[PDB]
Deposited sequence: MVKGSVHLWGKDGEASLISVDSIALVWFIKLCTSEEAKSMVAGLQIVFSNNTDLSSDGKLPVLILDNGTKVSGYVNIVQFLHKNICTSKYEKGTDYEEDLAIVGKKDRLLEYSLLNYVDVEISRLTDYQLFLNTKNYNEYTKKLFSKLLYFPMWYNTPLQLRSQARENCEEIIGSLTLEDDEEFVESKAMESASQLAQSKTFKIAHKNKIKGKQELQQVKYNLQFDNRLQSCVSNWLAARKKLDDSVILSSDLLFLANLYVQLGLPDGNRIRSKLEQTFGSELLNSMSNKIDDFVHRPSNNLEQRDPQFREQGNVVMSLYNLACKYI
């Protein structure tokens, strides 16, 4: 289908503040079969970095050149699996007998597991200042460097408020407590997802695989990623964490020849002019 996909990264690499934009670069990378390419041939991906082109204010957006904006990774993929004309080595299309379990597993990562990665990129104080606040200076434009992540930790503290919420000896008593609230939450959500992923097929990568793997790529790839990899190996062993990291290493070391991109034009990019205009149309 003909349209332009807007994402979060810069210069061909998707940003790590979004597990959905990493999964959507990997989606179009692995769409190499004849049925899998026909739903994606016509998608010029844009690293536009402004959420004023979104309908949700959330920037994995698929704009479709007729006014149709589909926002989010799970909404885009189910929109792309729907517009197949319908006339294993890569991403395979799920058959109709399993279209509900694949949408249930896609929705589970988006509401349970991607909630936990927004805790790590934003609510972890070691992971935030050492990595994450150094990113929005490069993605956004100059005056709007600070107000855009300001909401993204409000949005991350509201989303994770129900699970993980002589001074230096009590600050370790609270962080050991919150490293146990997380590692009992992440132990359950990954166990619930992996016990349901076994029903579909244990041989073929799917669309819900690329969102769970892009959540494992960000969480293990942050400054606090070495004890999360240590705790996932404690319950899931070492064979599965290396097998799910060999698949991660495949999708980042993948050529971008299928990916035809473009520069964001001067109705995109979130300029000083092209965000004061989107502020005026939003009110007038």
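- Coordinate coverage of the deposited sequence breaks at 1, 89-96, 175-208, these segments carrying no C-alpha atoms.
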